[PDB]
Amino acid sequence: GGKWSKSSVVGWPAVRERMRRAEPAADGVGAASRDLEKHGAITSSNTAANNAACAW
Numbered sequence: 006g007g008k009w010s011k012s013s014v015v016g017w018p019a020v021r022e023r024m025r026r027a028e029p030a031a032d033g034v035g036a037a038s039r040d041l042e043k044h045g046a047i048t049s050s051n052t053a054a055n056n057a058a059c060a061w
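With my numbering applied, the sequence shown corresponds to residues 6 to 61, in that order.
Okay, here's the thing in structure tokens:
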């Protein structure tokens with residue numbers, strides 16, 4: 006199926022440090038309904054202008 010001879014390079018194991026344990030919290034909130042809904046609940050659409058997102 007072709008797609009032969011291919012490889013990648015460089016990496017960034019920064020999250021590996023904070024992701025090692027997780028987050029020591031007592032009865033808090035992980036997301037809104039399940040998990041993705043917390044981040045999925047974000048609607049930002051700007052026309053033209055500059056620097057999308059990070060606004061409203």
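By construction, the Cβ of each residue, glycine as well, lies at the ideal position given by its N, Cα and C atoms.
- Secondary structure of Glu22 (DSSP, three-state): helix.
- Remark: C-beta atoms of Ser49 and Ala37 do not approach each other more closely than 8 Å.
- Residue state for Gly45 is assigned as helix, using DSSP reduced to three classes.
- Taking the CA atoms as reference points, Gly35 sits about 15 Å from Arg26.
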